[PDB]
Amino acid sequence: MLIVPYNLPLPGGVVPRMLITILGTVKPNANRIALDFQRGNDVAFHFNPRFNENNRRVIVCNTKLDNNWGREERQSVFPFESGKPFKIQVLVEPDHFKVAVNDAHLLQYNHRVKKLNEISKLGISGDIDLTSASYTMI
């Protein structure tokens, strides 16, 4: 049980083989979830399930640099369901963040922010009950 929005420090930033695991349950009538891997004020990797964008469900991924959002990458495969427990695993690989939900590969996001060791915080927000947020090296 954790308070949302939740900040998970990532000491010394991220590095390949680092696995971040988030467990929670989507609230009924959820509108959004967001993971924000941050480098100071910049967002290296924004992972944003949207439950009702023009009556469609979509995951939007992007990067924010100097307060400007870049080119969105959109995934219509949408494994989250209102009211249900989920597990998000984010594995840092040399060229991308690799995301699996409920043990199924979902998407990859190529590193736009190159200074991995400066991506030192993960913000977790949105319409969830957050159970746990942790990391380990695999």
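We number the residues from 1 along the sequence you see.
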Decide which of the stretches 115 to 123 and 21 to 29 has the higher mean C-alpha B-factor, going by the entry.
21 to 29
Using only C-alpha atoms and the B-factors in the entry, which stretch averages higher, 95 to 103 or 66 to 74?
66 to 74
Per the deposited B-factor column, the C-alpha that peaks among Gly40, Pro79, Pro49, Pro85 belongs to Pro79
Temperature factor at the Cα of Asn54, chain-ranked in thirds, falls in the highest
